[PDB]
Each structure stands twice: as structure tokens, then as C-alpha cells.
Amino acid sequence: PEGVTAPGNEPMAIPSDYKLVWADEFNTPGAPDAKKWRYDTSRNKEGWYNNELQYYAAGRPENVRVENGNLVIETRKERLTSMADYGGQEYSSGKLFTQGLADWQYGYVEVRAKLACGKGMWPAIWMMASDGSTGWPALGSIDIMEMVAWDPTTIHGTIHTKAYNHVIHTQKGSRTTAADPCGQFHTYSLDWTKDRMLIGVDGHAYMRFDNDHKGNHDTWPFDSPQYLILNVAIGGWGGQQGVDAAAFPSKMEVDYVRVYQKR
């Protein structure tokens, strides 16, 4: 298959000698836990990357709230023109991350989620290196789950490095089919060790990316902590077959995040 550059085909499970080090169960309705999550508003004025169309609203229950035991990130077609950091965007959405609060070097990450559909929507569950000194894409980024809702049953798992990234079409990725990802929950899983990453759905790794063992940061920048990111972008990749006005509002629901690490 054309762009499968990091194929996987093996089971994944929480190793027996790993412990739970961090979780959000999202069982307390209201605002996300401020000891666990912060809002990224860093590019609201300038505009987000990837020709994205959304404004990411902080402190707005209409975009980001915990209810019925899930985190909800909801896209809306509206101009939040009263925000000081407004960048002319036609849509609102949310982006949460654990940056500065919680980060991990190696481990087993599980995110149970139901995804946001409608042509335009680009839900993501991903990580970035806590030390961004080398910039993107050198620092290393981990896409545990991306979906673009013009192809809503296709789940993409991808890593980006300096040598291996989407700007030069060398990203290391795979994809699999999941049943109705916007109408039912699935478990999106990362098993990250010093020697390889597995990315999967419901216990099956469809992606594997190996440490080449050359000690080259350009091919393996993953020996340092990564923080977790939950977002629903609009346009860019999500807009390849257009943005449908009728598709707003749309939500991604996250039942839980669980992170495990070797004891």
C-alpha cells in the first residue's frame, strides 16, 4: 500500500512489569483538571499550522468540557471575534496538552476515544518532545491516532523526525480500518521503549518504527520525554475533500487516558 513506511502486525498489551504512573478518567464533570491539562492558544492570532482553519478556545465549555465520564472536544462554526488572540478563523475547537505538567520517556499509552466526523474534521491524539530546542520536526513527534473525516474509518499512526517527516514526504506511518470510529469507542495505543514504537487499535499494532541503533537524533530522537496532546483540527488534511458546513458541531469524546511505565 502506497504510503505504508512503518508497517506493523503484532499484538500489543500493557507489559506485566509496568505500573500505571498517570491517568485521567474524566469522571469529574466540568473543566478539565488544571493539574493535568493546559490549553494551547500559542498560534490563535497567527493561525495554526497545516493551513488549519480553527481557533482553539481556552476556558470555553462549548469547545472543551468533561461530561458523562468523557472529555469532549467540540468543533463549531462560529467567529469568536471578541477574543484578543482572534485570528479571523470561521471555526472554534479545542487543543489540550500535558506540556509542563506531565511527561514520559518510554511507556505504554492508552487513549479510549470516539472520533469527530464531518468533511473538514481532523481529530488527533499525539505527543511532542518536552525539549523543543531542536524545533519541529527534529524534536520528535508521535501520532498515536489521526483520522481525517473525509476517510473516517481509516486510522493513521505516524512518527516524525528530522529525516522522516511529512514536509519531505518521509514520515514513518501506517494505517488500519476501524469500525465506525465516530459512533463507537476504540482504544488507541502506543508501546514506546528505547528499541521501538508500536502504534495500534484495540490491542493490534498496525504500525512499528524501530530504533536503527545508529545514535543519530535525526532518525531516533525518542530517548527523552514526550507530553500528550488531544485536539480536533479543521481543514488542512481534514479538508482535502472540502469542509461541509452541515458537519458542525462535531465532537471527539475521550473516555480516558492511561500511561504505564516499567517498574
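Sequential numbering from 1, following the sequence displayed.
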| item | value |
| --- | --- |
| Higher-scoring stretch by recorded Cα B factor average, 81-89 or 117-125 | 81-89 |
| Which of 248-256 and 15-23 has higher mean CA B factor, as the PDB entry lists it | 15-23 |
| Residue selected from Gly235, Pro32, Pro221, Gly203 by maximal Cα B factor | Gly203 |
| Out of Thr161, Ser174, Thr98, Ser133, residue topping the C-alpha B-factor column of the entry | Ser133 |
| Where the record places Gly183 (Cα B-factor, split into thirds across the chain) | highest |
| Record-listed C-alpha B factor of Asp195: chain third | highest |
| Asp151, C-alpha B-factor rank within chain (lowest, middle or highest third) | highest |
| Third of chain Cα B-factors occupied by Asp40 | lowest |
| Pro61 CA temperature factor, ranked by third within the chain | middle |
